[PDB]
Amino acid sequence: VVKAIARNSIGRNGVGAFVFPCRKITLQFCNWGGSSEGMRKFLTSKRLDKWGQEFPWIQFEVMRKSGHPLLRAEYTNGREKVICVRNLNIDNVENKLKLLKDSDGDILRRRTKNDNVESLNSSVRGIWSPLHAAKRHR
Amino acid sequence: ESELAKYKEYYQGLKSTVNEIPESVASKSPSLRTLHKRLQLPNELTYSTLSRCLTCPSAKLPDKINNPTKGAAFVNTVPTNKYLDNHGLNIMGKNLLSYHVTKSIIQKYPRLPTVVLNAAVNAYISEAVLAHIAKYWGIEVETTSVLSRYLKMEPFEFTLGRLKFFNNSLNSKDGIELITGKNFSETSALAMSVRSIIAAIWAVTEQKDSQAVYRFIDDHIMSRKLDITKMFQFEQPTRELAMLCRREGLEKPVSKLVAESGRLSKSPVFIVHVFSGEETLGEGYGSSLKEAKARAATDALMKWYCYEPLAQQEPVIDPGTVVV
Amino acid sequence: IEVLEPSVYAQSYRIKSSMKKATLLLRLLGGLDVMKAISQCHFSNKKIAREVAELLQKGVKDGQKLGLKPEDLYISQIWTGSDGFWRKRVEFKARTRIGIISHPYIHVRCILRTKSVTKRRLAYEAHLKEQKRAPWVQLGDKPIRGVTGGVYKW
Amino acid sequence: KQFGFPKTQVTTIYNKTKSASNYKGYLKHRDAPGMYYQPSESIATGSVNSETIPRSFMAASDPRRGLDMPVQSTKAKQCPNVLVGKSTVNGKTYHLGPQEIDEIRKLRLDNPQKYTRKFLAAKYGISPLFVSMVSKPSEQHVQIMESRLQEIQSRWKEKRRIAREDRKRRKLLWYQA
Amino acid sequence: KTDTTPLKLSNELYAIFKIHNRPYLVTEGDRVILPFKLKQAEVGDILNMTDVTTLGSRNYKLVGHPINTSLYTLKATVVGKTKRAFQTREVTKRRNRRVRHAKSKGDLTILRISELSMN
RNA sequence: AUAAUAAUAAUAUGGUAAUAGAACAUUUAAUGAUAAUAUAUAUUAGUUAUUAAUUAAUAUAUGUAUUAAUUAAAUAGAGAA
RNA sequence: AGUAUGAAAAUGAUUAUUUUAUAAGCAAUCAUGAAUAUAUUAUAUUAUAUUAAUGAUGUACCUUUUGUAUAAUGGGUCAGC
Ligand SMILES: [Mg+2]
Ligand SMILES: [Mg+2]
Ligand SMILES: [Mg+2]
Ligand SMILES: [Mg+2]
Ligand SMILES: [Mg+2]
Ligand SMILES: [Mg+2]
Ligand SMILES: [Mg+2]
Ligand SMILES: [Mg+2]
Ligand SMILES: [Mg+2]
Ligand SMILES: [Mg+2]
Ligand SMILES: [Mg+2]
Ligand SMILES: [Mg+2]
Ligand SMILES: [Mg+2]
Ligand SMILES: [Mg+2]
Ligand SMILES: [Mg+2]
Ligand SMILES: [Mg+2]
Ligand SMILES: [Mg+2]
């Protein structure tokens, strides 16, 4: 007889439809404090409208808090990236926005040498077997 | 003015908007618009239908609202109109999802056993996978109390763009989890949102593009990875293989030894082939003769059950699961 | 789950000894049942034993007062510490040499748990770990350690 | 021979005997353009690949049936039998009618101790498995045997017990494939 | 002239393609981590490999330098551009008080293989 | 004819004594909103090319910053006596 | 040598996870199995955190010197100065 071992499928983003990793960006600032002069000028400029038009699958907030500026980015996987933008000018805040946008939310990691491909599929040619070898050893 | 009156107006306005879901206010919700074309939904899918997908049959508040001392409070949901709801959409979504995945799995793996196919179909459209898909897509559950939104003065468009259903505030607080039905579970609510989306993408595009929702399903659901080899668990493969050989024209199978090494050792190696005549049906290894014979029998059965014909072949209908 | 299980906290008084001297005895009374650790302290030759025995008796009485049963109690954690405010005195040696003599005071604190709840739970947990442990497969699926390197060797 | 591709193998510019695991050698190997028949140096116990499915196991109207991929490297004439039954080497026999079968059943229920599977198997020239098929022992015989088994399992210490459950999980892994 | 039918009729396939002469061996729906920031490719854009060196199945192979681009279809999609973990090491001499820090945070580009089939 | 940011080509970027340029932490003085849905400190896990500051959770105090930022000063930075 | 608070470190006992009774050197870095704990998107063939399986590299810090692991000077440790 045959019994079934229940399992679940693995999400493979990109093979079918590609869902963009970032989902929400928050542009927090303060109306009092020199640390947010750059973010203020960014929000008053015409750049934020351009960013909305060009990337309209991302949800943009702007919020006022009595503290340092910030840039929160929620991603599909669930994590959140927060950037402190103290004492930065307009272009630097924009560049930090670029980094958050074009990044998956994965936790930063350390990679070994040549560790560049991660596949969840099996091997087209099976694992080497000494018994089923090209030519027998000695 | 008495602030209680102001909350009256806000509460009535929120109830009215949900009861109607006008497109004018639904189109002002950034969550809806972003959720709309993040998944590349057709331009013919009005944002109101997207909200209707997110809405849930929260018609009448239960008898557990009466006291939260028993571990249950529902303050985040407003009563919804019976006509505008996802109750009818999720049935369509469930019907579409079940048909396509079952059809597509069979087409790829004709000879699957019924039990294994049900497991494979479950894996693709399980309640958990659909719930995870919803969270991946960014669907949000309305958790803030209606009063809380009043003080913060939240426009209705935001609440209109979130998953709305009876939410058991105080669910996991202090570890006391009151057990309720599937109607009060976030997992079920999210899954039917995904099914609801599948339904709407069909109704709108069924007339002009018949194979549209199915293309969407193959884009998001069947693009996921699944190894059928891991869904099998045999009991008596040798007897079952013999029955298969008798049923078809194949000859009686005999398992023979090919190579061995370290016979008198802790971990020997034996290779045995199930010969259905001169042809070999299965290959198997192991640390014991009995283990190798079992592995070889399982391999032959697995190969039969998991055969994948080419897309250009004439459709092949399995003669049914082997019955011993 | 650890705190909510029944327990008895027994503290000693400021007793005159050193934390090394007490540890010699306390290491014996590790997991012993209190009803028998008392007897061992009774027949020990160490001056510290008498005061430890009195502490255990008080704990047994304490647990008997909370609701527990004296034969159900066993020492789970016994230890010692420095009580503090050690007096320092100068030792006068022969040729203008000086030493400092300290007079340690320590306290011994016990924790007694019920063998009808804590030990059963631990035994249950050990069984689950035993079931959860993987088998031994002679030709086991040992991972092929090492980056592949963008070459198909097999 | 359906395809006349030149035959090759996983080659390294170095000495494979001493440098099998050196990936640079395989990186630095260059082959002339074209097609190559490079056989797989592996087993196919759990491989669903289309290139290891037996010919007899594919549909009649399958193009790959003509192509001889699953080469019949091994010949049956020289591989000895492994854990094969007597009814397999010598054909099955159907020589018992209802009269003998009723005798087998009545004999077993009478006194299972004297009339056992082996005894009946030798008496009627049939397999012990058959006696299981037709004959059913008295419930008392099963109950004492089950109780007897439990006693044997009781005397085990911890090591033996753990080993036996270890054996049980290994069996599941064999059949899981 | 280049026979390919054995590779047409295969349930699984693998390709060895090179980006800037760095070989990567991939399958359907595998993830590749390129150790550099792709300025020309924006996140979400779809690439089209055209320097594939080897294409093969379990028992067959097709090697080219490069293989003709009309015989296959290999496309990869940019999923994200992230960075390696932050590492700092002190560089100093044996009897020198001054210690210098060599901060390192590499750039990576995540790629996912979307389609891989013969033509 | 400038400033910020980003591109392309080229050159340079070990360093003791030493020289030159630019920044960060703590404290004091001048100016200086906000507030228990906050502030300070400590632990853990993340973010920013990271001696720093930030996000979240936890714990304790305070109806509360000499708080952000620009200057002016240092009993202004310790494995080395 | 004021009063309160005090999860600051050194230091002691005990417990919890992991490793350790055929292996040899600044006690770490890298490569890599295994075990354990957390995780309200582990959808997992998941991610982190701890841990002396095993392999490679590795001659403490400062001062003075042409030159120091040097068996040349200084340092039991932590906190404040
Ligand atoms: Mg004190
Ligand atoms: Mg004397
Ligand atoms: Mg002393
Ligand atoms: Mg060599
Ligand atoms: Mg020197
Ligand atoms: Mg140094
Ligand atoms: Mg320099
Ligand atoms: Mg000073
Ligand atoms: Mg100091
Ligand atoms: Mg220092
Ligand atoms: Mg050993
Ligand atoms: Mg030694
Ligand atoms: Mg000299
Ligand atoms: Mg030297
Ligand atoms: Mg020295
Ligand atoms: Mg020495
Ligand atoms: Mg000294």
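Chemist: Explain the protein's contact with RNA strand F to me, and be specific about the residues and the numbers.
Modeler: Near RNA strand F lie 32 residues; those nearest to it are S35, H68 and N89 of chain A together with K103 and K105 of chain E. Each atom of RNA strand F within 4 Å of the protein was assigned to sugar, phosphate or base; sugar and phosphate come to 60%. Taking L108 of chain A, its main chain carries an N or O atom lying 2.9 Å from a phosphate oxygen of RNA strand F. Of all elements in the fold, only β4 (70-75), β5 (80-84) and α3 (90-101) of chain A together with β9 (100-104) of chain E reach the threshold of two or more residues within the surface near RNA strand F. In terms of residue count, α3 of chain A provides more of the surface near RNA strand F than any other element does, 5 residues in total.

Chemist: Mind laying out the state of the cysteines, listing which residues take part and the relevant values?
Modeler: On inspection of all chains with the given rule, the structure shows 0 disulfides over all chains. Free of any disulfide, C22 of chain A has its nearest neighbouring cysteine sulfur in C84 of chain A, separated by 18 Å. As a non-bridged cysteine, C245 of chain B has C306 of chain B as the owner of its nearest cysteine sulfur, 17 Å distant.

Chemist: Pulling in residues and values, what's your account of the packing of aromatic side chains?
Modeler: Under the defined criterion, the tally for this structure stands at 22 aromatic pairs over all chains. The interplanar angle of 10° and the centroid separation of 5.3 Å between the aromatic rings of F3 of chain D and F5 of chain D together place this pair among those described as stacked. Here the two residues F3 of chain D and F5 of chain D agree in accessibility, since each one is buried. Of the aromatic side chains, those joined through ring pairs into one cluster are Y7, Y10, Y11, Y150 and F156 of chain B.

Chemist: Account for the interface of chain A and chain B, naming residues and giving values.
Modeler: Across the boundary between the two partners, chain A contributes 28 residues, which contact 37 residues of chain B. Buried area between chain A and chain B, both sides added, is near 2900 Å², and the carbon and sulfur share of it is 57%. In terms of surface lost to chain B, no three residues of chain A exceed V1, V2 and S9 of chain A, which account for 21% of the buried area on that side. One can count 0 salt bridges joining chain A with chain B. For the pair chain A and chain B, the number of links is 12 residue pairs in polar contact.

Chemist: Go over the protein's contact with RNA strand G, please, and point to the residues and values.
Modeler: Not every one of the 36 residues close to RNA strand G is listed here, only the nearest: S9, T76 and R109 of chain A, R224 of chain B together with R94 of chain E. Atoms of RNA strand G within 4 Å of the protein belong to the sugar or the phosphate in 69% of instances, the rest to bases. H132 of chain B has a polar side-chain atom sitting 3.3 Å from a base oxygen of RNA strand G. Between a sugar or linking oxygen of RNA strand G and a side-chain N or O atom of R97 of chain E, the distance comes to 3.1 Å. Only α7 (127-137) of chain B together with α1 (19-26) and β3 (73-82) of chain C provide two or more residues apiece to the surface near RNA strand G. In terms of residues, the surface near RNA strand G owes the most to one element, β3 of chain C, which gives 5 residues. Here the surface near RNA strand G is composed, by residue class, of 10 nonpolar, 14 polar and 12 charged.

Chemist: Any chance you could break down the sheet that holds strand β3 (residues 59-64) of chain A for me, citing the residues and the numbers?
Modeler: Residue and element names in this part refer to chain A. A sheet is described by the order of its strands in space; here 4 strands give the open sequence β3-β2-β4-β5, paired in mixed fashion. Bordering the open sheet on either side are β3 and β5, each of which pairs with just one other strand. Neighbour-to-neighbour, the strand axes of this sheet turn through a mean angle of 15°, independent of strand direction. Pairing analysis gives 6 bridges linking strand β2 (residues 22-29) to β3, with the strands arranged parallel. Bridging across to β3, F29 finds its partner in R64.

Chemist: Give a detailed account of the interface of chain D and chain B, specifying residues and quantitative values.
Modeler: Taken together, the contact between chain D and chain B spans 38 residues of the former and 47 residues of the latter. Of the roughly 3700 Å² buried between chain D and chain B, counting both surfaces, carbon and sulfur atoms make up 61%. On the chain D side of the contact with chain B, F57, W174 and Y175 of chain D bury the most area, a combined 21% of that side's loss. Here chain D is connected to chain B by 0 salt bridges. Counting across the interface, chain D meets chain B through 15 residue pairs in polar contact. Those elements that place two or more of their residues in the side of chain D that touches chain B are α2 (63-66), α3 (86-89) and α8 (158-176) of chain D. Top element by residues in the side of chain D that touches chain B is α8 of chain D. It accounts for 6 residues. Class assignment for the residues of the side of chain D that touches chain B results in 21 nonpolar, 12 polar and 5 charged.

Reading the values: rules and limits
Residues numbered from 1 in each chain as written, not as in the entry; some residues may be left out. Chains lettered and ligands numbered in written order. Part of a larger assembly, values for the part shown. Heavy atoms only, no water. Near = heavy atom within 4 Å. Polar contact = N/O pair within 3.5 Å; in protein donor to acceptor, adjacent residues only side chain to side chain. Helix = DSSP H or I, 4+ residues; strand = E, 2+ residues; numbered from the N terminus. Disulfide = S-S within 2.5 Å. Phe/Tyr/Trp six-rings, centres within 6.5 Å; stacked < 30°, edge-to-face > 60°. Buried < 20%, exposed > 50% of the residue type's maximum accessible area, 1.4 Å probe, protein only. Contact = heavy atoms within 4.5 Å. Buried area = accessible area lost by both parts, 1.4 Å probe. Salt bridge = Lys/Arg side-chain N within 4 Å of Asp/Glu carboxyl O. Nonpolar A, V, L, I, M, F, W, Y, C, P; charged D, E, K, R; others polar. Pairing = 2+ DSSP bridges. Axes fitted to C-alpha atoms, helices over the stretch in contact; angles between N-to-C directions.

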